[PDB]
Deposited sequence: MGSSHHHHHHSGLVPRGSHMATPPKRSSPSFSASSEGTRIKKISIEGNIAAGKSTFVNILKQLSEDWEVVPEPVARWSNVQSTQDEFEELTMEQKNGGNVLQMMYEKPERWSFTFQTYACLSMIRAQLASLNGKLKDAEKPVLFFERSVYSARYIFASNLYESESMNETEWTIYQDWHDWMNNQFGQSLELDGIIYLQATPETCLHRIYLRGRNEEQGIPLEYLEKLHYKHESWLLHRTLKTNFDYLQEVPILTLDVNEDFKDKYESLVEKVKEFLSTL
């Protein structure tokens, strides 16, 4: 595909959304697909939004009951939104790039996995979920396949302070220990590459790692210089 798909990965509150919104305004050839759940949190009634708010809340409230339904619905929504941009926007750009906020791979290997490990999914649920993921991406994950990943690396402490700054009410109870786990998985996947997945191409996929421990809100030029560099090599 002429559209380059680039995913932006990283822990809770690392600055993935902040970084994606930065990128979007820098190039007519650059488009972004935000992740689904972020929209689910705010208020100020589309169907995905009603479902999404409700299931978000049930998850927070009773994880061992709703993890499966939540993760399945998050992935559907993400896939449908990624496929929709990939089919709709960017059409007359000469070097078009679609940046995904997270990806189906991180959804399964970071989030869905920690849920199985947390006992929030039972064995049957985990394996139903992986099977669905498998079949459905081996139909669709192909036009979805990534040309590269960008890893936004912040420490848990950094990430915890940023949950605080964001101040989203239901998140203020997430403890350090939880982010240390998600941290470890990201490093396992994107740094040490010791993580094994079904998707064989992912082992060779180019990765750019950006340390984002320092606020980059009004000082992000150097990061972007790094991204443009990375993009010219795929």
inquiry  = As a test: can you identify every run of the deposited sequence that has no C-alpha position in this structure, in order?
reply    = 1-37, 82-89
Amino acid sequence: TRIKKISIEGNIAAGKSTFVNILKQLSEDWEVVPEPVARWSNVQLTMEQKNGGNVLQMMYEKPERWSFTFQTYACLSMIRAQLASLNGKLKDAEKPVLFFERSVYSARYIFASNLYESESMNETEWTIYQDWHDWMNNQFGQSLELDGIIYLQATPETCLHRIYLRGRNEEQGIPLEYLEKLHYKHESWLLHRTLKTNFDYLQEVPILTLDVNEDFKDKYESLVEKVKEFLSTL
From here on, numbers count along this sequence of modelled residues.
task = Give the stretch, out of 90-98 and 126-134, with the larger mean C-alpha temperature factor in the deposited entry.
result = 90-98
ask   = Per the coordinate record, which of the options 51, 209, 194, 67 holds the highest CA temperature factor?
value = 194
key: Member of 105, 116, 151, 140 with the greatest C-alpha B factor (per the PDB record)   = 140
inquiry  = Ranking the modelled residues of this chain by C-alpha B-factor as given in the entry, is residue 160 in the lowest, middle or highest third?
reply    = highest
remark   = Split the chain's modelled residues into thirds by Cα B-factor; residue 144 lands in the highest
inquiry  = Ranking every modelled residue in this chain by its Cα temperature factor as given in the entry, which third contains residue 228?
reply    = lowest
ask   = Of the three thirds of its chain by CA temperature factor, lowest, middle or highest, which one includes residue 27?
value = lowest
